[PDB]
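What follows is a single structure, written as structure tokens, with notes after it.
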Amino acid sequence: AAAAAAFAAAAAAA
Amino acid sequence: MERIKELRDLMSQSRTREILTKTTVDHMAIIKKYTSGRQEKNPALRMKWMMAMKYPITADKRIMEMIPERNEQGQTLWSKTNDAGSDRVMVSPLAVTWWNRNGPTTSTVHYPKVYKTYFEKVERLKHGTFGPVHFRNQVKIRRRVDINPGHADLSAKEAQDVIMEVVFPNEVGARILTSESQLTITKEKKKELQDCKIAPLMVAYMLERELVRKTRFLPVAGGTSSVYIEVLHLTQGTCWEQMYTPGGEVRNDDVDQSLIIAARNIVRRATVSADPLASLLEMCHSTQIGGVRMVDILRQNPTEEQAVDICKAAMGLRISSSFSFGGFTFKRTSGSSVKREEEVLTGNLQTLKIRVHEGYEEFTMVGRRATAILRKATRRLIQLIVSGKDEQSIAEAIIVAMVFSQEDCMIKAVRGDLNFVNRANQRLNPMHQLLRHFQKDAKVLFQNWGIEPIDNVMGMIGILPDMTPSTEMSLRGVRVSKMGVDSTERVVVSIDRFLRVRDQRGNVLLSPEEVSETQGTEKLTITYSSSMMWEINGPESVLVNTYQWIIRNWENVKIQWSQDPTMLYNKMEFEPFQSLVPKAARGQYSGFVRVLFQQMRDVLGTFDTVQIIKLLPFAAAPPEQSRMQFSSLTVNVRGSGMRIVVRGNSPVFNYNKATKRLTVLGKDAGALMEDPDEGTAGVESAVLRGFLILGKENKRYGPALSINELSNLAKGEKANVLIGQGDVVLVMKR
Amino acid sequence: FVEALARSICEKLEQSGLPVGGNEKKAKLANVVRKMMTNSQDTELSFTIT
RNA sequence: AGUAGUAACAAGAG
RNA sequence: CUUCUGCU
RNA sequence: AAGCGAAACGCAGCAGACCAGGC
Ligand SMILES: *O[C@H]1[C@@H](OC)[C@H](n2cnc3c(=O)[nH]c(N)nc32)O[C@@H]1COP(=O)(O)OP(=O)(O)OP(=O)(O)OC[C@H]1O[C@@H]([n+]2cn(C)c3c(=O)[nH]c(N)nc32)[C@H](O)[C@@H]1O
Ligand SMILES: [Mg+2]
């Protein structure tokens with residue numbers, strides 16, 4: 001059930 | 001092929017051979033700029049002086065075979081002389097003109113494709129629309145704005161990766177394209193740059209311009225989008241605004257952001273009105289975003305936001321009741337909460353004022369790669385169930401949930417160099433800074449969050465700080481579901497007169513109290529078309545225009561204040577200003593100012609034009625009697641509480657007596673006409689509630705007193721009080 | 001290296017208006033001065049030395 | 001002479 | 001003399 | 001929301017006697 005996330009302003013963790 | 005022949009020839013020469021053999025590729029970067037010519041320290045004079053000599057330009061030695069040494073008039077186009085420090089010959093500007101006149105022509109269909117950044121400007125200016133020019137008191141605030149929007153789906157690295165791959169496919173190196181966007185752009189550029197003889201450096205520079213995002217600090221008054229910043233000089237002036245609508249399509253994110261800012265300003269302004277629903281409907285029908293009426297935009301753009309949804313409910317559309325936070329769409333399924341500012345100390349000793357939410361609440365978070373069910377209380381995460389598709393997604397969702405919790409254990413987990421104020425010293429959103437910091441590094445937060453035992457439940461698996469799942473231990477109130485979590489749906493709602501949205505069962509879904517208090521800036525310029533054209537402007541503009549309106553209508557305002565002040569206070573022109581006065585102190589300030597005006601009217605004479613102009617906007621809200629004495633009145637401006645001093649001049653509100661001019665926040669508001677009825681005669685009567693300022697102290701009635709201590713006086717007695725900027729004055733209690 | 005260290009330190013100092021430039025400098029100065037004037041007590045006389 | 005002003009120019013290097 | 005130069 | 005230099009790499013056993021001791 002792939003879904004979007006509307007507004008977003010984040011990058012990937014490490 | 002001739003490059004190898006040139007290399008052989010260079011090898012033949014002794015000095016050149018030694019240079020080529022000894023200098024490594026690493027050393028090339030240093031010898032590449034090894035010159036004797038020092039940078040001109042006065043280029044204008046040198047250019048003006050050199051244009052007079054015969055051969056000021058330098059051209060490639062090849063020109064000698066491409067241009068005759070002299071034209072039909074005998075003027076020498078070039079000279080056999082060699083430029084000092086290179087093989088370029090020295091030529092006159094006649095050579096440039098001759099080349100442009102009858103030089104070798106070539107096809108130029110590639111230029112619009114390679115210079116797309118420059119040609120798009122012309123293309124969008126050609127289709128631009130110009131509205132009326134309105135003269136106003138423009139208040140341009142300095143902030144960072146977009147010069148080159150770049151590509152929204154590519155970062156610096158992604159842009160360079162495409163650039164290199166498109167311009168220098170062989171020199172790409174070990175880098176590899178890893179995104180559908182990068183592949184599509186690379187394919188399109190390669191298809192467009194077929195048989196392009198333009199210098200590769202220019203192609204790379206133009207591609208960098210078009211792709212890498214660039215921002216600069218500019219004094220803006222309208223939209224901050226690139227389509228608007230480029231024409232900033234034409235649109236926003238010092239005393240006028242030119243309604244302009246740039247051609248082409250606009251980014252959906254810019255429209256969504258602009259709509260959010262406009263809706264938030266509209267609800268914040270309509271909340272202090274007598275009929276909030278009617279005011280909101282009128283504002284929404286009059287407002288336009290980038291030349292498009294907000295009325296028709298709300299019916300096509302969801303932009304889930306505590307203000308957008310409200311506006312939609314007012315308009316009758318079905319709302320989403322959802323808000324986006326950290327890339328996750330949160331839907332409050334149950335519970336309610338109330339905002340309140342709280343002072344906290346982070347792990348790096350910084351102190352912040354975060355908007356803590358009180359009350360138990362339950363949310364559903366939907367993300368591009370995760371979905372979670374969250375249940376939180378006041379600064380505490382009760383439970384969280386994540387259903388992310390990937391381990392990285394699980395980590396991202398958990399970090400967002402922890403930051404959203406606002407738990408003290410997370411605030412204390414902040415470590416290293418984290419700044420809550422930018423280089424311009426502006427106050428950033430603490431939640432966003434925390435989210436960014438913890439997404440950059442979450443090891444410390446996971447280590448300090450805490451661990452709890454797991455109740456064995458089918459389908460629920462715990463997760464440990466090292467990200468490996470466990471069945472016996474897990475992070476405090478954290479579970480991972482492998483079966484998925486359920487879904488977006490719009491529910492019709494009813495909105496009452498006071499903008500309190502309720503569902504079919506009467507449960508209140510949205511209220512104006514939860515709308516964000518941050519006064520942001522719109523990406524796309526917002527235009528208002530009512531008599532009070534500054535109704536939905538920012539704080540500084542609202543203050544300056546409010547006082548300007550008061551001064552312009554002073555000949556009537558004075559009569560109304562002297563005759564029917566109760567009806568004057570209810571004038572709609574003061575409602576936007578009331579939007580900036582704190583909600584808690586609104587009634588106190590209104591009651592205090594109303595009493596001060598009444599006492600000034602009772603005491604014959606003592607009329608003070610400057611005091612009336614300064615305090616009139618604070619009387620609009622309903623009175624709330626109190627014994628409190630205010631030395632200054634606070635108004636919110638972009639998160640800062642500006643203090644207006646009741647007595648005297650302050651930088652926020654100043655009256656220059658020499659020029660008889662009023663300045664608000666440094667912006668001129670107008671001149672005050674000479675009033676024969678003023679007659680101050682020393683006594684003020686408008687500084688303290690129930691007390692008259694007699695004048696200079698005399699060291700007889702008392703050494704000194706405080707503003708609150710003055711309440712001890714019963715009646716008639718005179719005493720010295722220290723009121724204002726260290727100015728002790730004699731006062732009398734009625 | 002010494003200038004790089006000083007620049008890194010100055011970026012964290014509110015009163016240091018050197019590393020920034022252009023409108024960014026004017027914005028920093030306006031914000032800083034504004035806050036300084038604000039936090040000042042209403043009963044305290046204020047003066048500016050230039 | 002003049003420019004100009006704390007020291008130059010009023011050509012200089014072959 | 002002629003050659004070279006007007007930021008070196 | 002933000003933003004600067006605007007190749008190649010987890011051992012191993014005697015066994016068989018006899019004695020003393022353990023519940
Ligand atoms: O860039 C701005 C904003 O544009 C104005 C933009 N933005 C929001 N939504 C969208 C969108 O859908 N599409 C686009 N393109 N842009 C969008 O996001 C930025 C937000 O900036 P800012 O105004 O500083 O954020 P703000 O609105 O003030 O608050 P924020 O921190 O993001 O919080 C968002 C909502 O979450 C509420 N909230 C936070 N917490 C911790 C809680 C909580 O614990 N309980 C409840 N009930 N609510 C919480 C915030 O109050 C706010 O309502
Ligand atoms: Mg036994």
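A few points about this structure:
- Links that overshoot a 30 Å alpha carbon limit, given the list B:33/B:61; B:140/C:35; B:116/B:667: B:116/B:667
- Charge tally around residue B:565: other residues with Cβ under 14 Å, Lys/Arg +1 each, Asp/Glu -1 each, net +2.
- Helix-only CD estimate at 222 nm, as mean residue ellipticity for the protein assembly as shown, using -39500 (n - 2.57) per DSSP H run (n ≥ 4): -10000 deg cm²/dmol
- Whether the range B:1-82 is rounded, prolate or oblate, judged on the alpha carbon gyration tensor where a/c under 1.5 counts as rounded: oblate
- Around residue B:9: net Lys/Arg minus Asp/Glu count, Cβ-Cβ under 11 Å: +2
- Orientation-averaged projection of the range B:607-734 equals 9.4 nm² [convex hull of Cα atoms, one quarter of hull surface area].
- Loop-resident sites, the range B:628-702, for trypsin sites (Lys or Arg not before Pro), counting at most 10 other Cβ within 10 Å (DSSP): B:657, B:699, B:700
- Geometric descriptor of the range B:420-464, per residue, is 102 Å³ (volume of the convex hull of the Cα atoms).
- Within 10 Å of each Cβ in B:367-376, the average number of Cβ atoms from other chains: 2
- Debye intensity ratio I(q)/I(0), log10, the range B:265-419, q values 0.12, 0.18 Å⁻¹ (C-alpha model): -0.68, -1.12
- Cα-based convex hull, the range B:295-351, per residue volume (Å³, whole number): 151 Å³
- Within 10 Å of each Cβ in B:422-428, the average number of Cβ atoms from other chains: 6
- On the beta carbon distance between residue B:86 and residue C:46, with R0 = 45 Å, the FRET formula returns roughly 0.15.
- Between the amide H of residue B:686 and those of B:693, distances stay under 5 Å, these residues lying 5 or more places away or on another chain, with hydrogens modeled in the peptide plane.
- Only Cα sites of the range B:517-628 enter the Debye sum here, all with the same form factor; the resulting log10 I(q)/I(0) across q = 0.13 1/Å is -0.53, listed in q order.
- Environment charge of residue B:523, counting only residues whose C-beta is closer than 10 Å and scoring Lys/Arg +1, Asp/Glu -1: -4
- For the range C:12-27, 3J(HN,Hα) per residue [Karplus equation, 6.51 cos²θ - 1.76 cosθ + 1.60, θ = phi - 60°, Hz, x = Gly/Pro]: 8, 9, 6, 7, 8, x, 7, x, 6, x, x, 4, 4, 5, 4, 4
- The antiparallel fraction among DSSP beta bridges confined to the protein assembly as shown stands at about 95%.
- Computed over the range B:150-209, the range of Cα coordinates on each principal axis works out to 28, 24, 18 Å, biggest value leading.
- The range B:201-307: radius of gyration and largest Cα-Cα distance (Dmax), Å: 17.0, 63
- Taking other Cβ atoms within 10 Å as a rough exposure proxy, B:183, C:45 sort from fewest to most as C:45, B:183.
- Footprinting exposure proxy ranking of B:211, B:665, fewest other C-beta atoms within 10 angstrom first, gives B:665, B:211.
- Phi angles of the range B:189-196 translate, via the Karplus equation with coefficients 6.51, -1.76, 1.60 and θ = phi - 60°, into HN-Hα couplings of 5, 4, 4, 6, 8, 5, 6, 9 Hz per residue; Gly and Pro are given as x.
- Residues B:396, B:165, B:358, ranked from the fewest to the most other C-beta atoms within 10 Å, line up as B:358, B:165, B:396.
- Normalised size of chain C, defined as Cα radius of gyration per 2.2 N^0.38 Å with N residues, equals 1.41.
- Shown here: the range B:82-165, whose C-alpha atoms stretch 58, 40, 32 Å along the first, second and third principal axes, sorted largest to smallest.
- Size descriptor, Kirkwood hydrodynamic radius, that averages inverse alpha-carbon separations across the range B:398-547, Å: 20.3 Å
- Residue B:319 long-range amide H proximity, modeled H, under 5 Å: B:491, B:493
- Cα-based reach from residue B:126 at 16 Å (exclusive), listing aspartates and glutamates while leaving out same-chain residues under 8 positions away: B:230, B:249
- Computed over the range B:320-367, Cα set: Rg, Dmax in Å: 13.5, 39
- Viscosity 1.306 mPa s, 10 °C: Kirkwood-radius Stokes-Einstein D of the range B:645-701 over Cα pairs, µm²/s: 117 µm²/s
- Shape descriptor for the protein assembly as shown: Rg over Rh equals 1.04 (Cα atoms; Rh from the Kirkwood inverse mean 1/r).
- Overall Cα dimensions of the range B:611-650, principal axis frame, Å, largest first: 28, 23, 18
- Evaluating 6.51 cos²θ - 1.76 cosθ + 1.60 at θ = phi - 60° for every residue in the range B:204-213, the Karplus couplings come out as 5, 4, 5, 5, 4, 4, 6, 9, 5, 6 Hz, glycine and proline recorded as x.
- Ordered from longest to shortest, the equivalent ellipsoid semi-axes for chain B are 59, 41, 27 Å, each the square root of 5 times a Cα gyration tensor eigenvalue.
Neighbour counts run over all protein chains shown; Cβ positions are idealised from the backbone, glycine included. Since every read-out is calculated from the coordinates, none of them should be taken as a lab result.
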